[PDB]
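Chemist: Input protein-v4.cif, format and content: mmCIF, C-alpha atoms (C1' of nucleotides).
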data_structure
loop_
_atom_site.group_PDB
_atom_site.id
_atom_site.type_symbol
_atom_site.label_atom_id
_atom_site.label_comp_id
_atom_site.auth_asym_id
_atom_site.auth_seq_id
_atom_site.Cartn_x
_atom_site.Cartn_y
_atom_site.Cartn_z
ATOM 1 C CA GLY A 33 -33.254 45.334 -21.901
ATOM 2 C CA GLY A 34 -30.395 43.176 -20.661
ATOM 3 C CA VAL A 35 -27.133 41.541 -21.701
ATOM 4 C CA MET A 36 -27.341 37.803 -22.407
ATOM 5 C CA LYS A 37 -24.435 35.280 -22.511
ATOM 6 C CA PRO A 38 -24.220 32.755 -25.362
ATOM 7 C CA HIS A 39 -23.983 29.294 -23.801
ATOM 8 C CA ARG A 40 -21.977 27.028 -21.509
ATOM 9 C CA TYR A 41 -19.703 24.105 -22.338
ATOM 10 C CA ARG A 42 -20.613 20.548 -21.521
ATOM 11 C CA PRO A 43 -18.455 18.961 -18.797
ATOM 12 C CA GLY A 44 -15.347 17.019 -19.721
ATOM 13 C CA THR A 45 -14.589 18.870 -22.965
ATOM 14 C CA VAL A 46 -11.912 21.092 -21.451
ATOM 15 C CA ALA A 47 -10.510 17.996 -19.765
ATOM 16 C CA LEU A 48 -9.790 16.592 -23.226
ATOM 17 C CA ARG A 49 -8.461 19.933 -24.475
ATOM 18 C CA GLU A 50 -6.053 20.069 -21.540
ATOM 19 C CA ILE A 51 -5.105 16.444 -22.152
ATOM 20 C CA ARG A 52 -3.981 17.153 -25.701
ATOM 21 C CA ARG A 53 -2.433 20.486 -24.719
ATOM 22 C CA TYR A 54 -0.157 18.931 -22.120
ATOM 23 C CA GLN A 55 0.483 15.867 -24.265
ATOM 24 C CA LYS A 56 1.854 18.165 -26.986
ATOM 25 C CA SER A 57 4.294 20.242 -24.934
ATOM 26 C CA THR A 58 7.086 19.137 -22.612
ATOM 27 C CA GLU A 59 7.575 22.024 -20.166
ATOM 28 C CA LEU A 60 7.553 21.042 -16.493
ATOM 29 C CA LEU A 61 4.179 21.147 -14.784
ATOM 30 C CA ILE A 62 4.860 21.361 -11.046
ATOM 31 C CA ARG A 63 5.818 24.866 -10.044
ATOM 32 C CA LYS A 64 9.516 25.217 -9.342
ATOM 33 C CA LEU A 65 9.954 27.058 -6.051
ATOM 34 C CA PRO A 66 7.507 25.038 -3.893
ATOM 35 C CA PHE A 67 9.191 21.935 -5.280
ATOM 36 C "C1'" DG B 1 -31.171 -1.374 -17.310
ATOM 37 C "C1'" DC B 2 -33.464 2.037 -14.259
ATOM 38 C "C1'" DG B 3 -33.551 5.572 -10.724
ATOM 39 C "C1'" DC B 4 -31.623 8.795 -7.182
ATOM 40 C "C1'" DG B 5 -27.990 11.481 -4.889
ATOM 41 C "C1'" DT B 6 -24.277 14.287 -5.762
ATOM 42 C "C1'" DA B 7 -18.716 15.940 -6.997
ATOM 43 C "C1'" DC B 8 -17.378 18.888 -9.412
ATOM 44 C "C1'" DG B 9 -16.770 21.467 -14.242
ATOM 45 C "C1'" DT B 10 -17.193 26.305 -15.839
ATOM 46 C "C1'" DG B 11 -17.370 30.695 -14.872
ATOM 47 C "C1'" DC B 12 -16.593 34.811 -12.029
ATOM 48 C "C1'" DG B 13 -14.625 37.130 -8.570
ATOM 49 C "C1'" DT B 14 -10.906 37.977 -5.573
ATOM 50 C "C1'" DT B 15 -6.559 37.306 -3.691
ATOM 51 C "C1'" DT B 16 -1.490 36.140 -3.603
ATOM 52 C "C1'" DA B 17 3.156 34.456 -3.866
ATOM 53 C "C1'" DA B 18 5.661 32.950 -8.390
ATOM 54 C "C1'" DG B 19 9.337 34.758 -11.667
ATOM 55 C "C1'" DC B 20 12.888 38.933 -13.311
ATOM 56 C "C1'" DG B 21 15.894 42.026 -12.376
ATOM 57 C "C1'" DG B 22 19.280 44.336 -9.435
ATOM 58 C "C1'" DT B 23 22.414 44.528 -5.780
ATOM 59 C "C1'" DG B 24 25.560 42.699 -2.366
ATOM 60 C "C1'" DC B 25 28.168 39.068 0.545
ATOM 61 C "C1'" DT B 26 30.808 34.944 0.477
ATOM 62 C "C1'" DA B 27 31.532 29.012 1.044
ATOM 63 C "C1'" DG B 28 33.488 25.883 -0.237
ATOM 64 C "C1'" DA B 29 34.823 24.038 -4.522
ATOM 65 C "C1'" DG B 30 38.916 23.506 -7.266
ATOM 66 C "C1'" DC B 31 43.916 23.336 -8.561
ATOM 67 C "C1'" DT B 32 49.230 23.322 -7.213
ATOM 68 C "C1'" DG B 33 53.432 21.675 -4.206
ATOM 69 C "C1'" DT B 34 54.844 18.476 0.246
ATOM 70 C "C1'" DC B 35 55.066 14.625 2.606
ATOM 71 C "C1'" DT B 36 54.207 9.881 3.940
ATOM 72 C "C1'" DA B 37 51.730 5.110 4.501
ATOM 73 C "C1'" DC B 38 50.819 0.889 2.248
ATOM 74 C "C1'" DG B 39 49.778 -3.090 -0.988
ATOM 75 C "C1'" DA B 40 51.888 -6.370 -4.654
ATOM 76 C "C1'" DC B 41 55.368 -9.638 -4.777
ATOM 77 C "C1'" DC B 42 59.159 -13.368 -3.760
ATOM 78 C "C1'" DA B 43 60.817 -16.797 -0.476
ATOM 79 C "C1'" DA B 44 59.763 -19.735 2.680
ATOM 80 C "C1'" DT B 45 56.867 -21.429 6.022
ATOM 81 C "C1'" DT B 46 52.963 -23.506 8.003
ATOM 82 C "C1'" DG B 47 48.324 -25.357 8.465
ATOM 83 C "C1'" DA B 48 42.883 -25.589 7.047
ATOM 84 C "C1'" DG B 49 39.202 -26.927 3.943
ATOM 85 C "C1'" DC B 50 37.573 -30.639 0.606
ATOM 86 C "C1'" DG B 51 36.674 -35.181 -0.305
ATOM 87 C "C1'" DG B 52 36.371 -40.192 0.807
ATOM 88 C "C1'" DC B 53 34.642 -43.101 3.638
ATOM 89 C "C1'" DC B 54 32.120 -44.681 7.594
ATOM 90 C "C1'" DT B 55 28.045 -44.070 10.918
ATOM 91 C "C1'" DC B 56 23.268 -43.155 12.508
ATOM 92 C "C1'" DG B 57 18.514 -41.008 12.605
ATOM 93 C "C1'" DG B 58 14.249 -37.389 11.383
ATOM 94 C "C1'" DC B 59 11.093 -38.119 8.941
ATOM 95 C "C1'" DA B 60 7.894 -40.575 5.099
ATOM 96 C "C1'" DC B 61 5.276 -44.170 4.904
ATOM 97 C "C1'" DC B 62 1.621 -47.396 6.437
ATOM 98 C "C1'" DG B 63 -2.377 -48.274 9.031
ATOM 99 C "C1'" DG B 64 -5.697 -47.199 12.360
ATOM 100 C "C1'" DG B 65 -8.187 -44.373 15.451
ATOM 101 C "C1'" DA B 66 -9.855 -40.055 17.129
ATOM 102 C "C1'" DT B 67 -11.274 -35.280 16.422
ATOM 103 C "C1'" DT B 68 -13.690 -31.244 12.932
ATOM 104 C "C1'" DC B 69 -16.075 -29.301 9.336
ATOM 105 C "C1'" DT B 70 -20.395 -28.147 5.523
ATOM 106 C "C1'" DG B 71 -24.729 -29.463 4.070
ATOM 107 C "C1'" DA B 72 -29.247 -30.649 5.153
ATOM 108 C "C1'" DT B 73 -33.155 -30.535 8.393
ATOM 109 C "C1'" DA B 74 -36.183 -29.035 12.337
ATOM 110 C "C1'" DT B 75 -37.426 -26.010 16.568
ATOM 111 C "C1'" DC B 76 -37.496 -21.542 18.907
ATOM 112 C "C1'" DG B 77 -38.117 -17.101 18.201
ATOM 113 C "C1'" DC B 78 -39.986 -12.870 16.182
ATOM 114 C "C1'" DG B 79 -42.932 -10.365 13.217
ATOM 115 C "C1'" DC B 80 -47.027 -9.933 10.214
ATOM 116 C "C1'" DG B 81 -51.873 -11.104 9.043
ATOM 117 C "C1'" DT B 82 -56.909 -12.647 10.349
ATOM 118 C "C1'" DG B 83 -60.890 -13.861 13.405
ATOM 119 C "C1'" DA B 84 -63.083 -13.698 18.260
ATOM 120 C "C1'" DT B 85 -64.098 -10.789 22.297
ATOM 121 C "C1'" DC B 86 -64.403 -6.359 24.733
ATOM 122 C "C1'" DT B 87 -64.984 -1.434 24.158
ATOM 123 C "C1'" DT B 88 -67.111 2.970 22.215
ATOM 124 C "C1'" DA B 89 -69.934 5.579 19.058
ATOM 125 C "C1'" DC B 90 -74.221 6.334 16.459
ATOM 126 C "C1'" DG B 91 -78.958 5.048 14.842
#
Can you dump the structure from the file as structure tokens?
Modeler:
Amino acid sequence: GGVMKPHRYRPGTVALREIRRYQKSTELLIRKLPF
DNA sequence: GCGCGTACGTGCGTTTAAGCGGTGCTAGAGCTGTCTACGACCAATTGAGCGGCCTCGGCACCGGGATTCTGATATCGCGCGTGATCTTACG
């Protein structure tokens, strides 16, 4: 008796999700204080 | 198109300095009153750059000759493949 995990995403999908995510917003991306 | 090696994504785990707030100090930014130096302008003066017109040549052109460069070919060289001779093993 063990605990099993459902699945794993194929590569590149989250790349696209991030692409749309950051193409929708406008907030600055580089962190402020190091800059 | 096929095959092989792999850079890196997700995910997890862990770790950390990125933001809020809270206080405290203060630098130079900003706005009044003084004071003064200087650039436009007119007269009058003087002189320099532009254009016309002379003059002359550095370089294009021609022609010829001399020097270089790919493309093709062949030889030397090296490496791979096969048969002859010497060697070793078994029968």
Chemist: Quick one: apply the PyMOL selection byres ((chain B and resi 18-34) around 10) to the file and drop the selected residues here as a list in words.
Modeler: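 Checking the PyMOL selection byres ((chain B and resi 18-34) around 10) against this file, the residues are residues 63, 64, 65 and 66 of chain A; 16, 17, 35 and 36 of chain B.
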Chemist: For chain B, report every residue with an atom at most 9 Å from chain A (counting only C-alpha atoms (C1' of nucleotides)), formatted as a PyMOL selection string.
Modeler: chain B and resi 9-11+18
Chemist: Between CA of residue 59 (chain A) and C1' of residue 15 (chain B), measure the distance and give it in Å to one decimal.
Modeler: 26.5 Å
Chemist: Mind giving me the straight-line distance from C1' of residue 8 (chain B) to CA of residue 38 (chain A) in Å, one decimal?
Modeler: 22.2 Å
Chemist: In Å, with one decimal, what is the gap from CA of residue 67 (chain A) to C1' of residue 14 (chain B)?
Modeler: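 Separation of CA of residue 67 (chain A) and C1' of residue 14 (chain B): 25.7 Å.
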